[PDB]
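One structure is given below, encoded as structure tokens.
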Amino acid sequence: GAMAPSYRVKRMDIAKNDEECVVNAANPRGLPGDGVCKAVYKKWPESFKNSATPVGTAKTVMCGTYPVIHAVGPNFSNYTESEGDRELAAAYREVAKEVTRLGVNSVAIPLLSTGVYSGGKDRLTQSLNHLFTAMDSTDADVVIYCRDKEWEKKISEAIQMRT
Ligand SMILES: [Cl-]
Ligand SMILES: [Cl-]
Ligand SMILES: [Cl-]
């Protein structure tokens, strides 16, 4: 575990992370995709060997010794708000199990279902609160990655509020 488990936010490409493993915002079919998924595919293409996994699940594949946790959040274009919310909570619980099992002291994690799977809604709070619910009982240092300047400020505020 980390000596003082923390949450941080960085506004940068998660493919450049400084952590012991990465969570991919994956698609169910283990395809290269777009956004975080495409960056992950460019950096760690070996991790897409048999990475296909259902919505609401996480599947880890090693790129050398570096673990890539493929977490499949729901596409809110396809799911009801109710069913999407349940699958998004579930994907993050499966990320917490994998981070624990791997014994890492840090993890780089994007906000699942906040991009092309958001169904054109702002889901920062929804996705961030499911991330906290899952990861709060883990002792890894968690570093949340984003690209938008206003999102970085809101994620930072939400982290500081609890401290
Ligand atoms: Cl960057
Ligand atoms: Cl997304
Ligand atoms: Cl963002």
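When a residue number appears, it is its place in the shown sequence, counting from 1.
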Interatomic distance, OG@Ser82 vs CD@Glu87, rounded to 0.5 Å, equals 10.0 Å
Closest non-hydrogen atoms of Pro5 and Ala140, given as atom of the first, atom of the second and distance, are CB-O, 4.3 Å
Q. Can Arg123 be said to sit on top of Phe76's aromatic six-ring, NZ or CZ under 6.0 Å from centre and within 45° of the ring axis?
A. yes
### Task
Compare all side-chain heavy atoms of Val23 with those of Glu98 and state whether any distance is below 4.5 angstrom.
no
- Message: Just by distance, no angles: are the side chains of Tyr145 and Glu19 close enough, under 3.5 Å, to form a donor-acceptor pair?
- Response: yes
**Asked** Okay, side chain of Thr163, backbone of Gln160: is any donor-acceptor separation there less than 3.5 Å?
**Response** yes
Original post:
For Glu152, does its backbone N or O pair with a side-chain atom of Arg11 as donor and acceptor, under 3.5 Å?
Top reply: no
Between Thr114 and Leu111, is there a donor-acceptor pair closer than 3.5 Å when you use the side chain of the first and the backbone of the second? yes
- Message: Is there a side chain to side chain contact (heavy atoms under 4.5 Å, CB included) between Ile155 and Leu128? Walk through the geometry before answering.
- Response: CA-CA 8 Å; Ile155 297 161; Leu128 179 59; 4.3 Å; yes
- Is a salt bridge present between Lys154 and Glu157, judged by a nitrogen-to-oxygen distance below 4.0 Å? no
Here the gap from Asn24 atom CG to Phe48 atom CZ, rounded to the nearest 0.5 Å, amounts to 4.5 Å
May I ask you to test the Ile159-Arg8 pair for a side-chain heavy-atom distance under 4.5 Å?
no
Using only atom types and a distance under 3.5 Å, with no angle test, would you say the side chain of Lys59 pairs donor to acceptor with the backbone of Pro54? no
In short, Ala39 meets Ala15 closest at the heavy-atom pair O-CB, 3.9 Å
Checklist entry - Between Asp139 and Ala2, is there a donor-acceptor pair closer than 3.5 Å when you use the side chain of the first and the backbone of the second? => result no
How about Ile109 and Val143: do any of their side-chain heavy atoms sit closer than 4.5 Å? no
OH (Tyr41) and OG (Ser51) are apart, to the nearest 0.5 Å, by 9.5 Å
Note: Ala91 and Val72 closest approach over all heavy atoms is CB-O, 3.7 Å
Note to self: Quick check: do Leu88 and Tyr79 have side-chain heavy atoms less than 4.5 Å from each other?
What the structure shows: no
Exercise. Verify, without hydrogens or angle tests, whether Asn105 (side chain) and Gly1 (backbone) share a donor-acceptor contact under 3.5 angstrom.
Key: yes
In this structure, NZ of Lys42 is separated from NZ of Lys38 (nearest 0.5 Å) by 5.5 Å
For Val36 and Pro110 the tightest heavy-atom approach is CG2-CB, 4.1 Å
Is any side-chain heavy atom of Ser47 less than 4.5 Å from a side-chain heavy atom of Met62? no
Do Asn78 and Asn75 have side chains that approach each other closer than 4.5 Å (heavy atoms only, starting at C-beta)? yes
*Do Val95 and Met135 have side chains that get closer than 4.5 Å, going by heavy atoms?*
yes
| query | Can you find a heavy atom in the side chain of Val22 that is under 4.5 Å from one in the side chain of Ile14? | reply | yes
Next on the checklist: Between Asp148 (side chain only) and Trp151 (backbone N and O only), is there a donor and an acceptor less than 3.5 Å apart?
Outcome noted: yes
Heavy-atom closest pair (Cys37 atom, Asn27 atom, distance to 0.1 Å) is SG-ND2, 3.9 Å
Apart from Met161 itself, its cluster of hydrophobic side chains linked below 4.5 Å comprises none
Counting N and O atoms only, with roles assigned by atom type, does the side chain of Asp122 sit under 3.5 Å from a partner on the main chain of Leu124, one being a donor and the other an acceptor? yes
Under 3.5 Å: donor-acceptor pair, side chain of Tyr92, backbone of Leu112: yes
Between the CD atom in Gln126 and the OG atom in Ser118, the distance rounded to the nearest 0.5 Å is 10.0 Å
Query raised in the report: Does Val142 belong to the same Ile/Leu/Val/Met/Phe/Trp/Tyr cluster as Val104, with side-chain heavy atoms less than 4.5 Å apart forming each link?
Result: yes
Here the gap from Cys21 atom SG to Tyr66 atom OH, rounded to the nearest 0.5 Å, amounts to 6.0 Å
Residues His70 and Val61: closest non-hydrogen pair is CD2-CG2, 4.1 Å
In short, side-chain hydrogen bond (donor to acceptor under 3.5 Å, both in side chains) pairs touching residues 128-137 with sequence neighbours left out are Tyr7-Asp136, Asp85-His130, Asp136-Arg162
**Report entry** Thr57 versus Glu94, side-chain donor and acceptor atoms under 3.5 Å
**Finding:** no
